[PDB]
Amino acid sequence: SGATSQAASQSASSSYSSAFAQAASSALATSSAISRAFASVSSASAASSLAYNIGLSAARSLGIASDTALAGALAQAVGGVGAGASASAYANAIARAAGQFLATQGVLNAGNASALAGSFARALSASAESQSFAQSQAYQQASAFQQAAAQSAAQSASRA
């Protein structure tokens, strides 16, 4: 047959950051419970905190613990359109800003951009979807933390 055109190491190497955020949607559409994670939080600034929190969790699911800068821009992406568009703007702002740092070229190489994006989107969504269990754990603390109320350090549970 004779078909092995390498065509350089990188497929196109120019506009991979938006094309990443498109294949993110390929896995996000497989995981409708992510829109349910946003249905749990009805505040623009708290969605910025969800991006910072779930960003730092997804950081470790992808291996890029450098979320210190990502989360500081992901909060500005989700919060920049906090309550006015939809989970479409939250997910596009999350996937574009998830991509904006990865597209520094540190892990994105214009050939596995879509593969890493699908995995990122499924991992940040799997974190958000499983964090619905830790966001609404107000019932679990009312049995597990109330018995641990013997470690009085500042008030009882959560501070500042």
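Note on numbering: positions run from 1 along each chain as its sequence is written and may not match the entry's numbering; residues without coordinates are not listed. Calculation of side-chain values draws on the structure's entire complement of heavy atoms; hydrogens and water are dropped beforehand.

Per the deposited record, the coordinates in this entry were obtained by solution NMR.

Labelled according to the PDB entry, the chain appears under the name TuSp1, originating from Nephila antipodiana. Each PDB entry has a title, and for this one the record gives "Solution structure of the type 1 repetitive domain (TUSP1-RP1) of the egg case silk from Nephila Antipodiana".

The subject of this paragraph is the overall build of the chain. Helix numbering and strand numbering both begin at the N terminus, where a helix is a DSSP run of H or I of at least 4 residues and a strand a DSSP run of E of at least 2. When its secondary structure is counted, the chain shows seven helices and zero strands. When its helices and strands are written in sequence order, the chain yields α-α-α-α-α-α-α. Taken along the three principal axes of its C-alpha coordinates, the chain extends 70 × 35 × 30 Å. For every residue, the accessible area obtained with a 1.4 Å probe (protein chains only) is divided by the maximum for its type, and the residue is called buried under 20%, exposed over 50%, and partly exposed between those limits. Within the chain, buried positions represent 32% of all 160 residues. Here, two residues are considered to be in contact whenever any of their heavy atoms come within 4.5 Å of each other. Of all intrachain contacts in the chain linking residues separated by at least 6 positions in sequence, the fraction that spans at least 24 positions is 73%.

To continue, consider the packing of aromatic side chains. For any two aromatic rings, the description comes down to two numbers: the centre-to-centre distance and the angle of the planes. What counts as a ring pair is set by centres within 6.5 Å for rings of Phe, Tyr and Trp (its six-membered ring), and what kind of pair is set by the plane angle: stacked under 30 degrees, edge-to-face over 60, tilted for all other angles. Across all of its chains, the model carries two aromatic pairs by this definition. Relative to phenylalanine 120, the ring of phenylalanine 20 has its centre 5.4 Å away and its plane inclined at 10°; by these criteria the two rings are stacked. Taken together, the residues span a long stretch of sequence, with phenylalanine 20 in helix 1 (residues 16-28) and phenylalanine 120 in helix 6 (residues 113-135) at a distance of 100 residues. Assigned by exposure class, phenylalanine 20 and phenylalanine 120 land together as buried. Look at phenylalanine 38 and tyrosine 90: their rings are 5.1 Å apart centre to centre, the planes differ by 70°, and that puts the pair in the edge-to-face class. In this pair, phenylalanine 38 sits in helix 2 (residues 33-39) while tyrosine 90 sits in helix 5 (residues 87-102), placing the two residues 52 residues apart along the sequence. For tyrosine 90, a relative accessible area of 9% puts it in the buried group.

The biggest cluster of nonpolar side chains holds 38 residues, and the ones touching the most others in it are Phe20, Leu74, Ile94, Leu108, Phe120 and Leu124. With eight residues, helix 5 is the largest single contributor of residues to this core. Those residues in contact with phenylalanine 20, other than ones at most four positions away along the chain, are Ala95, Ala98, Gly99, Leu102, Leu108, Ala113, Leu116, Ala117 and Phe120. Definition used in this section: a nonpolar core is a set of buried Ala, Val, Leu, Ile, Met, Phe, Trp, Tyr and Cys residues joined via side-chain atoms within 4.5 Å.

Closest axis-to-axis distance for the helix 3 (residues 44-62)/helix 4 (residues 67-79) pair is 8 Å, and the angle between their directions is 150°. Accordingly, the angle class assigned to the pair helix 3 and helix 4 is roughly antiparallel. Judged by the twist between their axes, the crossing of helix 3 over helix 4 is right-handed. Listed contacts from helix 4 to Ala44, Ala47, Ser48, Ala51, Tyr52, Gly55, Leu56 and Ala59 of helix 3 are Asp67, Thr68, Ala71, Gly72, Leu74, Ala75, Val78 and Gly79. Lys, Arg, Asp and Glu make up the charged group, whereas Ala, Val, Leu, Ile, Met, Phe, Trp, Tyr, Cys and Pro make up the nonpolar group; the residues left over, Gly among them, are polar. Taken together, the residues of the contact of helix 3 with helix 4 break down into ten nonpolar, five polar and one charged. Fitted lines through C-alpha atoms give the axes, limited to the stretch in contact for helices. The angle between two N-to-C directions lies from 0 to 180 degrees. Each angle is binned into one of four classes, with values under 35 degrees roughly parallel, values over 145 roughly antiparallel, values of 65 to 115 roughly perpendicular, and all other values oblique. With the far helix as reference, a near helix turned anticlockwise by less than a right angle produces a left-handed crossing, and one turned clockwise produces a right-handed crossing.

Let's shift gears to helix 6. Taking 1.5 Å of rise per residue, the 23 residues of helix 6 would be expected to cover 33 Å, and the 31 Å separating its terminal C-alpha atoms lies within 8% of that figure. Taken together, the buried positions of helix 6 are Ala113, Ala117, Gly118, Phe120, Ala121, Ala123, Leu124, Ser125, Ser127 and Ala128. Here the expected length of a helix is defined as 1.5 Å per residue gap, with one fewer gap than residues.

A few words on helix 4. The terminal C-alpha atoms of helix 4, which comprises 13 residues, lie 17 Å apart, in line with the 18 Å expected from a rise of 1.5 Å per residue. Three or more residues of helix 4 are buried, namely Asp67, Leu70, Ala71, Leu74, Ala75, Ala77 and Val78. Down the axis of helix 4, the buried side of the element spans an arc of 160°, and every buried residue falls inside it. Opposite the buried face of helix 4, at more than 90 degrees from it, the exposed residues are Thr68 and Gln76. Lining the buried residues of helix 4 we find helix 3, helix 5 and helix 6. As used here, the arc is the angular range of directions from the helix axis to the C-beta atoms.

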